[PDB]
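Enquirer: Quick one, what's the 3D model for this:
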Amino acid sequence: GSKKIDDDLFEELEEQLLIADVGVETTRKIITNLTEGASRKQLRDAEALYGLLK
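Expert: Numbering: from 1, shown residues only. Now the structure:
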């Protein structure tokens, strides 16, 4: 058995994968850096506060 399919379909699919992939990784860097940044700031602020002692 054999389905014959044009390279346009496979090209389009590969293109959409790329797009979606790029969106996903861009989203992941951004969320993660900001969330790491949120963490770092809790530690820094908490330490600063604790800096005040007598």
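Enquirer: center of the protein - which residue?
Expert: Per CA atoms, centre = their mean, the C-alpha nearest to the average position across the chain is that of residue 28, at 0.8 Å.
Enquirer: Could you measure from it over to residue 21?
Expert: Separation of residue 28 from residue 21 (CB to CB, to the nearest Å) stands at 11 Å. In short, each C-beta sits where N, CA and C put it, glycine included.
Enquirer: now swap in residue 29 and tell me
Expert: Here the criterion is CB to CB. By it, residue 29 lies 13 Å from residue 21.
Enquirer: how far is the helix or strand where residue 12 lies from where the chain is centred?
Expert: Assigned by DSSP states H and E, residue 12 belongs to helix 7-51. Centroid separation between helix 7-51 and its chain, computed with CA atoms, centre = their mean, to the nearest Å, is 2 Å.
Enquirer: now swap in stretch 1-20 and tell me
Expert: Going by CA atoms, centre = their mean, where stretch 1-20 is centred and where its chain is centred differ by 25 Å.
Enquirer: mind listing what's buried in it?
Expert: By neighbour count, with 16 or more other CB atoms under 10 Å as the criterion, stretch 1-20 contains no buried position.
Enquirer: I'd like the numbering to begin with 611 instead of 1 from here.
Expert: Taking 611 as the first residue, the last one we looked at is stretch 611-630.
Enquirer: Using PDB, list the CA coordinates for that stretch.
Expert: Output of stretch 611-630 as PDB, limited to C-alpha atoms (Å, rounded to 0.1, in the frame of the first residue of the first chain):
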ATOM      1  CA  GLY A 611       0.000   0.000   0.000                       C
ATOM      2  CA  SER A 612       1.100   3.600  -0.700                       C
ATOM      3  CA  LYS A 613      -0.200   7.100  -0.200                       C
ATOM      4  CA  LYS A 614       1.500   9.600  -2.400                       C
ATOM      5  CA  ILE A 615       1.800  13.100  -0.800                       C
ATOM      6  CA  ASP A 616       3.300  16.400  -2.100                       C
ATOM      7  CA  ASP A 617       6.300  17.900  -0.400                       C
ATOM      8  CA  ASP A 618       4.300  21.100   0.200                       C
ATOM      9  CA  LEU A 619       2.300  19.300   2.900                       C
ATOM     10  CA  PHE A 620       5.500  18.000   4.600                       C
ATOM     11  CA  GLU A 621       7.200  21.400   4.200                       C
ATOM     12  CA  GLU A 622       4.100  23.100   5.700                       C
ATOM     13  CA  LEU A 623       4.200  20.700   8.600                       C
ATOM     14  CA  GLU A 624       7.900  21.100   9.200                       C
ATOM     15  CA  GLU A 625       7.400  24.900   9.000                       C
ATOM     16  CA  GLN A 626       4.600  24.800  11.600                       C
ATOM     17  CA  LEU A 627       6.600  22.600  13.900                       C
ATOM     18  CA  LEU A 628       9.500  25.100  13.700                       C
ATOM     19  CA  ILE A 629       7.200  28.000  14.500                       C
ATOM     20  CA  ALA A 630       5.600  26.200  17.500                       C
END
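Enquirer: Fine by me, thanks again.
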